[PDB]
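Chains as they are written, first to last, in the authors' numbering: chain D, 39 to 70; chain d, 1 to 257; chain V, 18 to 497; chain e, 1 to 9, 40 to 70; chain U, 7 to 159; chain C, 17 to 58.
Each residue gets a CB set at the ideal place from its N, CA and C atoms; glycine is no exception.
Take a look at the structure set out below.
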Amino acid sequence: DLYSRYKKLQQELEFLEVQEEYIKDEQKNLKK
Amino acid sequence: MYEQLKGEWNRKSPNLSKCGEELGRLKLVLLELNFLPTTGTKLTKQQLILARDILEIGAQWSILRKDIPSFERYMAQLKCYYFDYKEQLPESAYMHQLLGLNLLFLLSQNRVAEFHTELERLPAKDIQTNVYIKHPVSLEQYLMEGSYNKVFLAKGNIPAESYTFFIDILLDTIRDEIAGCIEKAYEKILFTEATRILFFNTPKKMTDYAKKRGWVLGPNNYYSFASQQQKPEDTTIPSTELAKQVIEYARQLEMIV
Amino acid sequence: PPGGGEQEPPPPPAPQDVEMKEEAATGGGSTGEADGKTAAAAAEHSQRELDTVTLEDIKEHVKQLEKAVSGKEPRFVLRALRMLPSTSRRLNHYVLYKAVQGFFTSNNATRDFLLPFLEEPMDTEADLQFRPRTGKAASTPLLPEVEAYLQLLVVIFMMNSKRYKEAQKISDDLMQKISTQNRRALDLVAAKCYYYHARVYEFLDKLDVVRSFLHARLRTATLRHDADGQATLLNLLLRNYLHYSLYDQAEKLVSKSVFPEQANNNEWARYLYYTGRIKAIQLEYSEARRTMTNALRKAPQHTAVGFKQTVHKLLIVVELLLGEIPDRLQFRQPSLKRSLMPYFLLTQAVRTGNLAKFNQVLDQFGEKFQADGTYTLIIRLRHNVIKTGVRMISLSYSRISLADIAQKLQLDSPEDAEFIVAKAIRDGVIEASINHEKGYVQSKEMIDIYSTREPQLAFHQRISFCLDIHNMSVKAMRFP
Amino acid sequence: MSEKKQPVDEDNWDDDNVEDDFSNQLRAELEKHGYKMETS
Amino acid sequence: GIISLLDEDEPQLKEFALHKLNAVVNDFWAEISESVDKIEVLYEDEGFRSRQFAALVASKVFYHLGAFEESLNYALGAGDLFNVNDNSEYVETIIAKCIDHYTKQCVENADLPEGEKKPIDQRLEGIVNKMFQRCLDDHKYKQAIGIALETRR
Amino acid sequence: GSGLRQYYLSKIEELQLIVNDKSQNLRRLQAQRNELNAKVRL
Numbered sequence: 039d040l041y042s043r044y045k046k047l048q049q050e051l052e053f054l055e056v057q058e059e060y061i062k063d064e065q066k067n068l069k070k
Numbered sequence: 001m002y003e004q005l006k007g008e009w010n011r012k013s014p015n016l017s018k019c020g021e022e023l024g025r026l027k028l029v030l031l032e033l034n035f036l037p038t039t040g041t042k043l044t045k046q047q048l049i050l051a052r053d054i055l056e057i058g059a060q061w062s063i064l065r066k067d068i069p070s071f072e073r074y075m076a077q078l079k080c081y082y083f084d085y086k087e088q089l090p091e092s093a094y095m096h097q098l099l100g101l102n103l104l105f106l107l108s109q110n111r112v113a114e115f116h117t118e119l120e121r122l123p124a125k126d127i128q129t130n131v132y133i134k135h136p137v138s139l140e141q142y143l144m145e146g147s148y149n150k151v152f153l154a155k156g157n158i159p160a161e162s163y164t165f166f167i168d169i170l171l172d173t174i175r176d177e178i179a180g181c182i183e184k185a186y187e188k189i190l191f192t193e194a195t196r197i198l199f200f201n202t203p204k205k206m207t208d209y210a211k212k213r214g215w216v217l218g219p220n221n222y223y224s225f226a227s228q229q230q231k232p233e234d235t236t237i238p239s240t241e242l243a244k245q246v247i248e249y250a251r252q253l254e255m256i257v
Numbered sequence: 018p019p020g021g022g023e024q025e026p027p028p029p030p031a032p033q034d035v036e037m038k039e040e041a042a043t044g045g046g047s048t049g050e051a052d053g054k055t056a057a058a059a060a061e062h063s064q065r066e067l068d069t070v071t072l073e074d075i076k077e078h079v080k081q082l083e084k085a086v087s088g089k090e091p092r093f094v095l096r097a098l099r100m101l102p103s104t105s106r107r108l109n110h111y112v113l114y115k116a117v118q119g120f121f122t123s124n125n126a127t128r129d130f131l132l133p134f135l136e137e138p139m140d141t142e143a144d145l146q147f148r149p150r151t152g153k154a155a156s157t158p159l160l161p162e163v164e165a166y167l168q169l170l171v172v173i174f175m176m177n178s179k180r181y182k183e184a185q186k187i188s189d190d191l192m193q194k195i196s197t198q199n200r201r202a203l204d205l206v207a208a209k210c211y212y213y214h215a216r217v218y219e220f221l222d223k224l225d226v227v228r229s230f231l232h233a234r235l236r237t238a239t240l241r242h243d244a245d246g247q248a249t250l251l252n253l254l255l256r257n258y259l260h261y262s263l264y265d266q267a268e269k270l271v272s273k274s275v276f277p278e279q280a281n282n283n284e285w286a287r288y289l290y291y292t293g294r295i296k297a298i299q300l301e302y303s304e305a306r307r308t309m310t311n312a313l314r315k316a317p318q319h320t321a322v323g324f325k326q327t328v329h330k331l332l333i334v335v336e337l338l339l340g341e342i343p344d345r346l347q348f349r350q351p352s353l354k355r356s357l358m359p360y361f362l363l364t365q366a367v368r369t370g371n372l373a374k375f376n377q378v379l380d381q382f383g384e385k386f387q388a389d390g391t392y393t394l395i396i397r398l399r400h401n402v403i404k405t406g407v408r409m410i411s412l413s414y415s416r417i418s419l420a421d422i423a424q425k426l427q428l429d430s431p432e433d434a435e436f437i438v439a440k441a442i443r444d445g446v447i448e449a450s451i452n453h454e455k456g457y458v459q460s461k462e463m464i465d466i467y468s469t470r471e472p473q474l475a476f477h478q479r480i481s482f483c484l485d486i487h488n489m490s491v492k493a494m495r496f497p
Numbered sequence: 001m002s003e004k005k006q007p008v009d040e041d042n043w044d045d046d047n048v049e050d051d052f053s054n055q056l057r058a059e060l061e062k063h064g065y066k067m068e069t070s
Numbered sequence: 007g008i009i010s011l012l013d014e015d016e017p018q019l020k021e022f023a024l025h026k027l028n029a030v031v032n033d034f035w036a037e038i039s040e041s042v043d044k045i046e047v048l049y050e051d052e053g054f055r056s057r058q059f060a061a062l063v064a065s066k067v068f069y070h071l072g073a074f075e076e077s078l079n080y081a082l083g084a085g086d087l088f089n090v091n092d093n094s095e096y097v098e099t100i101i102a103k104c105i106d107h108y109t110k111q112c113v114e115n116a117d118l119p120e121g122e123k124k125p126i127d128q129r130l131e132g133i134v135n136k137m138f139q140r141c142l143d144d145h146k147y148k149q150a151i152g153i154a155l156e157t158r159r
Numbered sequence: 017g018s019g020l021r022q023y024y025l026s027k028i029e030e031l032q033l034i035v036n037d038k039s040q041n042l043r044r045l046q047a048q049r050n051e052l053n054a055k056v057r058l
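Written out as structure tokens, the structure is:
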């Protein structure tokens with residue numbers, strides 16, 4: 039499982055990073 | 001085993017293959033047991049007592065031949081054997097002026113930072129006794145306030161052998177910043193202020209200042225030249241980069257943090 | 018016996034109640050924030066870690082015979098903690114051994130039995146993953162023992178308990194190092210022992226074994242984890258390079274590890290002070306005295322803590338090495354009233370022109386001066402005796418003759434005047450220049466500080482500082 | 001280096047520019063601090 | 007006292023300098039910060055037989071200072087004397103920078119194999135397959151399949 | 017283990033740390049969106 043643990047935590051980086059960019063668009067839009 | 005111990009010891013040392021044989025002796029010293037911790041067998045420090053002494057005279061050989069990069073190579077290996085990691089160190093008498101040779105090597109080369117970090121290790125050794133350290137620190141207590149060529153008025157007190165090779169550097173390292181300070185706002189002086197006060201009424205010291213420096217004695221003066229600048233300013237060279245700070249100010253202040 | 022007999026029942030239950038429950042809540046809450054709280058870089062038990070700095074130094078020292086603290090250690094070291102049924106057995110044992118303390122006798126472990134008590138953290142399916150829990154349970158053999166300040170024959174068992182705790186570094190570095198960041202808890206534990214293992218190695222010889230240990234213990238920083246572990250060991254690295262009197266100090270300057278960016282306003286405050294003495298011995302003063310002043314005002318928030326006594330001592334020593342004249346007792350303490358009295362006389366003779374009076378006091382009070390670790394003042398204080406006078410004149414007179422500044426300084430003659438007017442400019446004392454037409458020493462005035470861009474240079478750091486606080490605030494806010 | 005080269009021949043911590051600034055009038059202003067609101 | 011031992015020019019002290027290079031190899035690596043050229047010029051000696059061993063102790067000192075690429079480039083040029091030395095927890099950090107530099111080089115060369123390829127150092131891959139041999143001999147093969155995807159080979 | 021597992025086991029550390037980090041950063045941004053969305057809806 040040890041190679042899979044290294045790959046899946048990489049996949050939990052940018053899939054979690056795009057949510058960070060997402061709320062920046064949300065909170066900027068809700069001020070309008 | 002004790003290769004040519006006191007052959008050319010006292011009188012002279014003109015031999016050149018002696019040093020490789022002396023290094024050949026030093027091949028044996030680092031290869032008997034060890035040098036770095038020198039933990040056990042205290043008798044293996046007993047040739048290291050004499051391995052101190054053969055580098056002492058090796059430093060005396062370097063001061064005979066005026067070898068500055070060797071004289072620090074000997075002294076550092078000696079001091080790191082005066083800082084043997086088993087520091088028991090039975091007292092040799094030639095240590096206290098060898099450090100005085102180190103303390104005058106180092107004082108004459110603008111190592112005043114190296115001076116005042118050296119004195120930390122010997123609190124009462126450097127003061128209460130040891131005239132070979134008491135004289136270079138009374139030199140340094142002279143070297144605080146106004147006594148730097150009053151030093152030359154106290155030149156004639158050498159407790160050891162001549163010490164000439166490092167009072168000549170002390171001759172050198174004073175008379176050149178003397179020449180540096182007269183290039184500065186000490187603007188110009190006549191020949192007789194260079195005579196009575198620098199020192200030594202006229203030898204080829206006038207050849208020293210006219211050739212190492214300029215300051216040609218023309219009609220009754222040493223003459224200074226131009227030592228000024230123009231001082232330009234633009235203050236809109238920052239107007240590209242001060243705008244870079246202002247854009248950065250509203251950058252982080254507007255971003256959703 | 019009638020007088021001392023009735024005074025026996027009240028002393029046990031006050032440690033048996035509140036000293037019982039505090040680590041019982043801490044060892045529970047940090048465990049729940051070791052299992053949960055994946056972002057436990059800053060636990061709230063880090064303030065309890067700061068409480069355990071203050072707690073056991075005053076709460077308990079001895080194991081409190083008449084059976085109060087003597088039963089805590091066989092309770093709290095008997096922890097196997099298998100699963101929820103076999104931890105609730107131990108959760109009953111927090112209650113059940115309280116009857117063993119009160120009704121029965123406790124298990125008296127007089128300074129020796131705690132080391133074989135470290136087999137109950139192996140007996141009957143114990144836990145090795147809870148290296149915070151066993152790491153605190155490796156501090157607890159020290160906590161009555163070391164903090165009682167015995168320093169007597171259990172120093173070797175202080176050492177062997179720490180070797181078991183250095184074997185817990187091995188269990189951190191080899192046994193299941195899975196993302197728990199427990200080193201930043203263990204480094205403060207590696208601090209606590211090595212404040213007294215520092216003192217232990219002050220009761221004995223040098224530390225070159227620990228030097229090989231400390232460099233390797235510093236080595237695993239900056240790659241694995243780096244917060245406050247690099248910092249606290251670096252003061253422990255510096256303090257005995259300083260305490261030993263060798264060259265020792267340019268090694269510190271090239272030790273380019275100065276910057277773990279914060280140390281919670283306590284370790285970073287003294288860190289500036291240890292390196293402030295380092296930069297002072299190589300004759301740099303103005304750069305030294307400004308971080309001397311920075312270290313005094315950074316964390317002084319106690320009453321005469323002991324190194325506050327020392328930074329306030331050394332601060333105007335180097336300011337009496339430039340020659341500005343502040344003196345001392347404007348912030349005086351009851352632990353300072355004794356320690357000011359030789360230092361009292363030291364700074365008054367700077368302003369006056371009497372030096373045999375100064376050489377009287379140095380001969381009078383040299384033993385206290387040598388106790389302070391300030392041997393090398395006199396090789397450079399007689400320097401500043403005439404430097405304080407010449408700066409005071411140059412600050413007074415705007416255009417002074419050489420022929421007058423001498424005779425005021427009881428200096429007899431207009432040559433002995435500018436026997437102090439050619440290195441002071443080179444040392445950065447006075448702006449003034451000297452013409453060899455008049456021999457007069459005149460300085461000028463600074464006006465362009467507001468006329469040219471001095472203010473907006475200084476503002477750009479402080480604009481950048483204030484926005485960081487706004488950034489540290491919003492990032493650390495919405496935890497609900 | 002450079003001899004500065006020449007031809008010719040209590041405990042008053044800025045509490046002294048406080049205390050040598052201080053010697054002849056106010057000692058009956060040390061608990062003379064309170065008598066002034068019925069006449070003056 | 008140990009720095010100035012690297013000044014002398016006879017070869018009988020050069021092979022005794024390495025007898026004193028591995029002597030002082032333990033602790034005072036901060037002191038060797040001022041001794042960069044005294045390893046480097048000693049590395050430029052071809053009459054010095056063990057010049058790769060000078061790159062061993064150089065990869066020791068630039069790891070102390072944190073010159074991680076400079077330790078990496080001298081782990082390259084240290085040849086067989088570095089290739090024989092891989093049983094430590096010192097060397098596991100500098101092979102970590104190796105594989106990291108290796109797999110980003112291989113994806114770079116997998117982008118454009120049609121000309122202007124950056125040639126991989128053979129001593130860079132000399133420890134790559136050698137550490138892959140440790141996968142073959144330490145019984146573990148989920149690790150042996152693990153690099154084999156990431157190496158892009 | 018030191019040559020073939022430690023290259024991965026030390027590397028999955030920081031891959032765990034950033035996912036550990038930005039989850040705190042995410043739920044801060046989550047609650048701020050719920051404040052404004054409850055403000056606009058009302």
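Look at the Cβ atom of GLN387(V), then the Cβ atom of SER356(V), and state whether they are nearer than 7 Å. Taking 7 Å as the Cβ cut-off, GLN387(V) and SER356(V) do not qualify as a contacting pair.
Would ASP421(V) pass as an interface residue toward chain e - the criterion being a Cβ-Cβ separation below 7 Å? So, not an interface residue.
According to a CB-to-CB cut-off of less than 7 Å, which residues of the segment 172–193 of chain d neighbour chain e? Identification of residues in the segment 172–193 of chain d having a C-beta nearer than 7 Å to some C-beta of chain e yields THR173, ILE174, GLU177, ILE178, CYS181 and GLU193, given in sequence order.
Over the uninterrupted alpha helix (DSSP H) stretch that includes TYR65(e), give me the two end residues. Boundaries for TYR65(e): no alpha helix (DSSP H) harbours it, and the DSSP string shows neither H nor E there.
Any contact of the segment 273–287 of chain V with the segment 131–150 of chain d, i.e. 3+ C-beta pairs under 8 Å? Touching, no, given that fewer than three Cβ pairs across the two stretches are closer than 8 Å.
DSSP-derived helix/strand/coil call for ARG345(V): Here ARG345(V) sits in coil by DSSP.
The segment 33–43 of chain U / the segment 93–110 of chain d touching (three or more Cβ pairs under 8 Å): Not touching, per the Cβ criterion.
Going by alpha carbons, who is nearest to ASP13(U) out of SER17(d), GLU72(d) and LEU50(d)? The residue with the shortest Cα to Cα distance from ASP13(U) is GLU72(d).
What does the alpha-carbon distance come out to for the pair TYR222(d) and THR195(d)? For the pair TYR222(d) and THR195(d), the Cα-to-Cα distance works out to about 12 Å.
Between the Cα of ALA23(U) and those of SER77(U), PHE34(U), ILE45(U) and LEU118(U), spot the shortest distance and give me the residue it belongs to. It is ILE45(U).
Beta strand (DSSP E) containing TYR181(V): first to last residue? Segment 172–190 is the alpha helix (DSSP H) holding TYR181(V); no beta strand (DSSP E) there.
Alpha helix (DSSP H) segment containing residue 510(V), residue limits: No answer is possible for residue 510(V): the residues shown for chain V start at 18 and end at 497.
Of the listed residues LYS155(d), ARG11(d) and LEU50(d), nearest to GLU22(d) (C-alpha basis): The shortest Cα separation from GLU22(d) among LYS155(d), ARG11(d) and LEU50(d) belongs to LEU50(d).
Start-end ranges of the alpha helix (DSSP H) lying completely within the segment 22–53 of chain U, minimum 4 residues: Secondary structure in the segment 22–53 of chain U: the alpha helix (DSSP H) runs of 4 residues or longer, each lying completely within the stretch, are 43–49 in chain order.
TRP285(V): beta carbon under 6 Å from a heavy atom of the ligand COA? Although the ligand COA was asked about, the structure shown includes no ligands whatsoever.
Relative to the C-alpha of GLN118(V), which residue among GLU40(V), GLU66(V), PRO29(V) and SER105(V) is closest? Measuring from the Cα of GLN118(V), the nearest candidate turns out to be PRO29(V).
In chain order, what residues of the same chain lie with their CB nearer than 6 Å to the CB of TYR49(U), ignoring the 5 residues before and after it? Excluding positions up to five away in sequence, the list reads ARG57 and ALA60.
Along the chain, where does the beta strand (DSSP E) that runs through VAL458(V) open and close? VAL458(V) -> beta strand (DSSP E) spans 457–459.
Tell me where the alpha helix (DSSP H) around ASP485(V) begins and ends. Membership of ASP485(V) in the alpha helix (DSSP H) is indicated by the continuous run 472–492.
Within the continuous alpha helix (DSSP H) that includes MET75(d), where are the two ends? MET75(d) -> alpha helix (DSSP H) spans 68–79.
Reference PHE147(V); option with closest CA among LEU235(V), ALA366(V) and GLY49(V): The residue with the shortest Cα to Cα distance from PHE147(V) is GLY49(V).
Per DSSP, which one or two residues make a beta bridge with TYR209(d)? Paired residue(s): none; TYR209(d) is not in a bridge.
Any idea what DSSP makes of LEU58(C), helix, strand or coil? When secondary structure is reduced to three states using DSSP, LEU58(C) falls in the coil class, being assigned neither helix nor strand.
Comparing C-alpha positions only, which one of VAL63(U), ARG159(U), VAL97(U) and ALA84(U) sits nearest to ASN135(U)? Measuring from the Cα of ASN135(U), the nearest candidate turns out to be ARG159(U).
Quick test of the definition: if touching needs 3 or more C-beta pairs under 8 Å, does the segment 338–352 of chain V touch the segment 417–432 of chain V? Touching, no, given that fewer than three Cβ pairs across the two stretches are closer than 8 Å.
Give the interface partners of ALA36(U) over in chain V, defined as CB-CB distance under 8 Å, in chain order. The contacting residues are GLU268, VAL271 and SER272.
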